[PDB]
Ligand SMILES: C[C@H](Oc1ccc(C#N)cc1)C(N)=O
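Encoded as structure tokens, the following chain is the form deposited without the named molecule, with no partner shown.
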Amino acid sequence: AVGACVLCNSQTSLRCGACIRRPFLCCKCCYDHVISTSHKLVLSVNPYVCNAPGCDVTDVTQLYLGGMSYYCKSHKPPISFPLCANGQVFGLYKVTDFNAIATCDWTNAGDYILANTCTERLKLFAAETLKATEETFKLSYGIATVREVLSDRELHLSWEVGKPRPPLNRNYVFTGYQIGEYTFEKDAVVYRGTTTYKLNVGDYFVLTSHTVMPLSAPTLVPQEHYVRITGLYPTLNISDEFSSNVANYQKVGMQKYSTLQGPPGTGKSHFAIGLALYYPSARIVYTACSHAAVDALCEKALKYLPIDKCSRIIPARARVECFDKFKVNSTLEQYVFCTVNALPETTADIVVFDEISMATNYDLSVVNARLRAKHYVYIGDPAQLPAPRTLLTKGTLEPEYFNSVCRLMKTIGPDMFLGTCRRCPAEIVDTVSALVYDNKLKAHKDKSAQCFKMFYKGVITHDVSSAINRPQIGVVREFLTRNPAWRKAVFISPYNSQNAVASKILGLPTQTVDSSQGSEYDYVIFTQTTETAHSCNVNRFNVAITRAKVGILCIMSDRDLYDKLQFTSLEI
């Protein structure tokens, strides 16, 4: 019941009983909370409640100290002090932003903006509060019960009346009943069991609601600039492959933490692995939020770093298949490749945290909590996609509010910028350089003359809220008959449902823009599907078109984004 003040750091016995996290508030700060909000329950060693039998007064503002006990106006003795007086709430050892964080429902962009412009203590309060609110909202959704099992990949579902149904995409992971984790896709519905189980009729599925542990470590440890490379030992012999990164590698060693903005195909992976060859004795932990991002780092390491000095950390509650070619779960290997949520408590010379636009302030804290490191390197691109904010429905989250790293990259700039895209035909590089990179991204490849745009609004149907554009898929089908080179194309759209329809009609493999991020394909077909904030989002548009190595077809709904594609237009 005794701790330090979320705002002041001041010792107190006061916690807010109304805040979902129950934060330590100092006497000056507890007042400014309770006097400005619906938050009136204060706690010290016991509740600030009226001690008179039967009395229901809990509001600290209506309470007095009578000796050692607390009483309302109705029950206080003649010799009593009000608990709230002279800007303070009585307790042992005797803010606008804290109040908005404590009380908001996290449905508004402005809530995320504040969780990222605030002081560092308040970022942790925000990130733990938000995460708590995110988890207790899962409980709101209906249970799914198996009506009839059709096949090994399809069934019919019965949905609890009175509660809403959760979106049926890969984003929403269910637990079966403990028959392992399942996903569903769109009365026939497509099921995918982590454990391949003979799905029983009357079995039920629920969204995993995991307890939110407290945060302790900052999002970013305090910045430290050094005059000399600190705690690392450079090679004199560095392979010519990594020659271009040597100055950035020296920056990494002359600061506590460094940021790298690397637009698509600028060599982020190459930078991350090349850091281990430049500091060849350094113990390096490679981390990202997703298994995919960690596995991409493993693929690069396999090529360039000694396999026997590499461990892939795999949580015993194994969900998706991942990287098999390293020793699994050897924490003390020089090179450790591990998702944020599986990190062990350990030390490192260098922590490399990849795909930083996908990280939350919660993840940033967890990393600083589990890893004691001489140097922290934050790699990604704030012009790419953030973690979905499931509670956010009003306003758009700008990249400067994605997390602490992205705020730094969008305000004071990144420490390091990889400026040459080696993946994408120049048509794409030039479009996205003007769009999100203030013309600082350069094309290494020539124009491919395999980059086409068609402005075709089509007709928008919806499976629930998920968009479908059959006519845009019809145009693609027409195009594929005349463009056989594209038979190998990956079909990409901002909507799972459009992808499910494109899958049946075209037979192309299929990706949402959000699942496409980090991957590349020779040929890409993009159907915008709809003009929504989702489909017109420049970060998502950026990721969509930078997947392509050789060609892209964009069937567009949005005049602005259509006109900005530096592509050959088609017609039909």
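Start at 1 with the first residue shown and count on from there.
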{"query": "At least a third of the other entries leave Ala318 unmodelled", "finding": "yes"}
{"query": "Length class of the unmodelled deposited segment, which would lie between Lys94 and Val95", "finding": "4 to 9"}
{"query": "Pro234 preceded by how many uncoordinated deposited residues after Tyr233", "finding": "none"}
{"query": "66-74 versus 524-532 - which carries the larger mean C-alpha B factor in the record", "finding": "66-74"}
{"query": "Residue range whose averaged C-alpha B-factor is higher in the record, 358-366 or 340-348", "finding": "340-348"}
{"query": "Residue of maximum C-alpha B factor among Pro414, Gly87, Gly267, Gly380, per deposited coordinates", "finding": "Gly87"}
{"query": "Residue, from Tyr495, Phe353, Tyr172, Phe271, that the PDB entry assigns the highest Cα B-factor", "finding": "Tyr172"}
{"query": "Lowest, middle or highest third - CA B-factor, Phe81", "finding": "highest"}
{"query": "Relative C-alpha B-factor of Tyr191, binned into the chain's lowest, middle or highest third", "finding": "highest"}
{"query": "Among modelled residues of the same chain, the CA temperature factor third for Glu134", "finding": "middle"}
{"query": "Third of the chain, ranked by Cα B-factor, where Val429 sits", "finding": "lowest"}
{"query": "Third of the chain, ranked by Cα B-factor, where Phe184 sits", "finding": "highest"}
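Just so you know, the form deposited with the named molecule bound exists too; it's not on screen, but the next bit is about it.
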item	value
Open or blocked, once the named molecule is placed by superposing site C-alphas in the deposited bound form (3+ ligand atoms within 2.4 Å of backbone or C-beta means blocked)	blocked
Per-stretch contact check against the named molecule in the deposited bound form, the hit in 480-488, 149-157, 107-115, 193-201 (non-hydrogen atom, 4.5 angstroms)	480-488
Of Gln450, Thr133, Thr183, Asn99, the one that lies within 4.5 Å of the named molecule in the deposited bound form (heavy atoms)	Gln450
Any residue of 514-545 that, in the deposited bound form, places a heavy atom within 4.5 Å of the named molecule	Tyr523
Rigid part versus rigid part between this form and the one not shown; hinge residue out of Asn537, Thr347, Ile460, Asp105	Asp105
